[PDB]
Amino acid sequence: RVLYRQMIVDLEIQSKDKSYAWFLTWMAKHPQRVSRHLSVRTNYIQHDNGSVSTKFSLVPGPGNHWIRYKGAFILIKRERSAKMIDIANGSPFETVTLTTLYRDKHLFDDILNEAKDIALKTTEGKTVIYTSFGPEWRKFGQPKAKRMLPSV
Amino acid sequence: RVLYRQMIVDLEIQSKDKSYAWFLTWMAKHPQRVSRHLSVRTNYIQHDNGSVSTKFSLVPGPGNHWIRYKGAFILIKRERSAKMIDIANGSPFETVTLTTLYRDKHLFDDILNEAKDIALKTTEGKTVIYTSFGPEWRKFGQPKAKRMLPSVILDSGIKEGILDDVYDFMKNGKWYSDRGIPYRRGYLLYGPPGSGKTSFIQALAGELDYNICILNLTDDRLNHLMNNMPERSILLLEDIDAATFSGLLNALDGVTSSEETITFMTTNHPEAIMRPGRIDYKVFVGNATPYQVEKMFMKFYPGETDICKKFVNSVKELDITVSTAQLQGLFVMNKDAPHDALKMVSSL
Amino acid sequence: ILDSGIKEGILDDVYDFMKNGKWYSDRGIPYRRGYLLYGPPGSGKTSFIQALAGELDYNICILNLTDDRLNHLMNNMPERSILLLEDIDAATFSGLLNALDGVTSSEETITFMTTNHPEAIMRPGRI
Ligand SMILES: Nc1ncnc2c1ncn2[C@@H]1O[C@H](COP(=O)(O)OP(=O)(O)O)[C@@H](O)[C@H]1O
Ligand SMILES: Nc1ncnc2c1ncn2[C@@H]1O[C@H](COP(=O)(O)OP(=O)(O)O)[C@@H](O)[C@H]1O
C-alpha cells in the first residue's frame, strides 16, 4: 500500500467547488474513456407562463471510471456521502478523485484549464450600458450583446 | 462481480432531479412490466373554500422491478435513505437505478425523452398579454389559452410562408452577430379588418410559447416602451397607418434586447418603412377564398364531405366583403347542424 | 323545487359544457357560455344558481345592475367562479354587449343571467 501511494498522485474536487460541475461536463464530452456508470442532470426552467424549457444531459456519475488524456490512464472515482447533506444545493456531499502517476502530475492543471474553457465558452457576458439620470448613474437599455470586434 | 459490472451499465436518477417524478409517471403507464411493489401519490388541493380537489395515482415504489423496453430487460431499483432527509420536499432521499446491458446504453436517452414528452404533454403554457400603462408594461387579461394554429384558417401558402421564415430567424444568431447588425426582424400582415391577423399572431406566439406585448396606436414614452420589454416576448403594432412618424421610425430602429426581437405589424390599408432591418416580410391576408371556405367547413364538421362542395358553389354567389370572421359567426350560430347553415349562410 | 324538467335541462347542459374543452378549442371559438333564467320575481332563480354553484363547488361573483369599469370587472374574475348578472333588462347597452363578448379566463366561463321580464343578446356565444 505505501509503495502504491508512493508512485501516484491524487486530486480531490469536492462538491462545494465551482470546478465540480465543470469537470463532469468536460469528462462527458471526452472522446476516449470507459464510463460504465451514468447520471442524469436535468435543467428545468418554468417561465412566467406554464411553458417549460427542459434539457437533460448524462454525466459520469457515482463509481469509478477510467480515462486516457495524453497517454496517462487517469483513474477517477466519484463518491457520495451517506450521512452529510449540503444545504447549498440540497444534495449529499460528493467528491471526485483523480489519480495518475506522479510523473504526469503536470497534466491536472491542463485538464482543469480545458474544463474552465468549456465552462467559459457557454457563459456569455452582456455589456450593460449605464447612463446619467441627474447626479446618479442608472442602467439603461436592458443588457445588449457583445459586438465581436471582427464585426467592426 | 467485476465481470458482471463489466457487461452492464447503470443510470442513477436521484430524488433531487426534476426527471425523477417524470420517470416514475412514465413507468406507471408502460404496458409490459412486472412491478410487485406500488406507492400511492396523492395530490390534494384545498381552494379558498373548504372544497377539495384530490387525486391519487400508483407508481413503482421501493424495491426493484423489471421492464422490457425494446427487447432490453432493464432492471430498475428504487431506494430510500434511512438517514438523510431532503428539505425541498420533506421526504427521505430516494434514488432510481436503471441497469441494462452495455450494448443498449443508447436506449436511456430514448426513455428519458419519452418521459419528458409525457411530462410536457400535461403542463400547458398560457400566452400572457402585456400592455402599455404609461411608460411601463403591465400584465392585462389574466392568462389566455393557446389558439392552436390549425384553428386559424387563412390562404393556401401564407401559413407556411411565415412559420418557416420565423423558424429561420430563430437559427441565424451567428449570421446576424458576425455581420455586426442588430438581431431583430419586423413583419407586416396587411389586409381588410376582420381577416384573422391578430388571431394568427396569437396562434404563432402560442406556437413559440412567447408573450404578446400588444400595443395599438406619446412619442417620448414610445421609445421607453420599445426599449423595456420583458423576457420571451413578441411585439405587436396594430394600425401603424395612424401616425408622429419620424419618432416612430427612430424608435422602431432603436429597439433592442438580449435575444430575438420579432415585431409584427398589422394595418387595414398600407398606403421608407419597407426597408430591411425595419419591415421586410409583407404578406396579404385578405377575404375568404374557395379554399378557405372549404377548410372552415371541414374544420367545424369533421367528415361529411358531400355537403362541403354543396356549400362552396352556394357561396360563389352574393359575395362582396365575405370575410372569415363572418364565416366564423355564421357557422357558430348553426353549430352541430350543417344543413341549417346551408340555407342560413347562403342568404346573408 | 322548480318545474318538472328544468332541474335536469340545466344540470346536464352545464355537465356537457364542462366536457367540451377540445370541441371549443379546435374550432377557434372562446370557451364560454351564457344562461338566461327568466320569470316573475321570487320564483327561485338565484336560489337555483347558488344550489348549482354548490353542486360544482364554484364561487358566485354576483353583480346586479359604470361602463368603463364593467369591462375591467368582467375581465378580472377569480379562479373557480360563476358569474351572475341580475336584471339585465335595466340597461349602457352597446357597452354591455361589448364587455359581454369580451369576457375571458383560463378555463370555463359560465355567466347566468336573471331577469324579471325579458322584453341581439340571444345569439349563441352570448345567451
Ligand atoms: N381564419 C380564422 N380562423 C378562426 N377565427 C377567425 C379567422 N378569421 C377571423 N376569425 C375570427 O374573427 C374574429 C375577429 O377577427 P380578428 O382576428 O380579431 O380581426 P383582425 O385581426 O382583422 O383585427 C375573432 O373571433 C377570430 O377568431
Ligand atoms: N324551490 C324553492 N326552494 C327553496 N327556497 C325557495 C324556493 N322557491 C323560492 N324560495 C325562496 O324564495 C326566496 C327568494 O328567492 P330569490 O332567489 O331571492 O328569488 P329571485 O331569484 O326571483 O329574486 C328565498 O328565501 C328562497 O328560499
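Residues numbered from 1 in each chain as written, not as in the entry; some residues may be left out. Chains lettered and ligands numbered in written order. Part of a larger assembly, values for the part shown. Heavy atoms only, no water. Residues with missing side-chain atoms left out of burial classes, pairs and counts.

Observations concerning the interface of chain B and chain C
Accessible area lost on assembly of the parts is the figure often given for the size of an interface.
Link 1 in the chain: In this assembly, 18 residues from chain B lie in contact with 18 residues from chain C.
Link 2 in the chain: Per-residue buried area on chain B facing chain C is highest for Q142, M333 and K335 of chain B; these three make up 28% of the total on that side.
Link 3 in the chain: Of all the secondary-structure elements, those providing two or more residues to the side of chain B that touches chain C are α9 (290–300) and α11 (324–332) of chain B.
Link 4 in the chain: For the side of chain B that touches chain C, the residue count by class is 5 nonpolar, 7 polar and 6 charged. (Contact = heavy atoms within 4.5 Å. Buried area = accessible area lost by both parts, 1.4 Å probe. Helix = DSSP H or I, 4+ residues; strand = E, 2+ residues; numbered from the N terminus. Nonpolar A, V, L, I, M, F, W, Y, C, P; charged D, E, K, R; others polar.)

So, the packing of helix α7 (residues 219–227) of chain B against helix α8 (residues 245–253) of chain B
Residue and element names in this part refer to chain B.
Link 1 in the chain: α8 packs onto α7 with a crossing angle of 15 degrees between their chain directions and a minimal axis gap of 9 Å. In this view, α7 runs roughly parallel relative to α8, as classed from their interaxial angle. When you trace α7 past α8, the crossing you get is right-handed. Along the contact surface, α7 presents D219, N223 and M226, while α8 presents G247, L248, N250 and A251.
Link 2 in the chain: Among the residues making up the contact of α7 with α8, the classes are represented as 3 nonpolar, 3 polar and 1 charged. (Axes fitted to C-alpha atoms, helices over the stretch in contact; angles between N-to-C directions. Parallel < 35°, antiparallel > 145°, perpendicular 65-115°, else oblique. Left-handed = near helix turned anticlockwise from the far one by under 90°.)

Quick word on unusual backbone geometry
Link 1 in the chain: Phi angles above zero are rare outside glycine, and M148 of chain B is one such case at about 60 degrees.
Link 2 in the chain: Positive phi is not limited to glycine here, since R80 of chain C has a value of about 60 degrees.
Link 3 in the chain: Residue placement: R80 of chain C occurs in the loop between α5 (67–75) and β3 (81–86).
Link 4 in the chain: Classification of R80 of chain C by relative accessible area gives partly exposed; the value is 25%. (Buried < 20%, exposed > 50% of the residue type's maximum accessible area, 1.4 Å probe, protein only.)

Some details on the interface of chain B and chain A
Link 1 in the chain: If you look at the interface, chain B gives 49 residues, while chain A gives 38 residues.
Link 2 in the chain: Linking chain B with chain A are 0 salt bridges, by the criterion used here.
Link 3 in the chain: At the boundary of chain B with chain A, the tally comes to 9 residue pairs in polar contact.
Link 4 in the chain: Those elements that provide at least two residues to the side of chain B that touches chain A are β1 (11–14), β6 (74–85), β7 (92–99), α2 (107–122) and α5 (173–178) of chain B.
Link 5 in the chain: Per-element accounting of the side of chain B that touches chain A gives the leading share, 6 residues, to α2 of chain B.
Link 6 in the chain: Looking at the side of chain B that touches chain A, its residues break down into 17 nonpolar, 14 polar and 18 charged. (Salt bridge = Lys/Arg side-chain N within 4 Å of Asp/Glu carboxyl O. Polar contact = N/O pair within 3.5 Å; in protein donor to acceptor, adjacent residues only side chain to side chain.)

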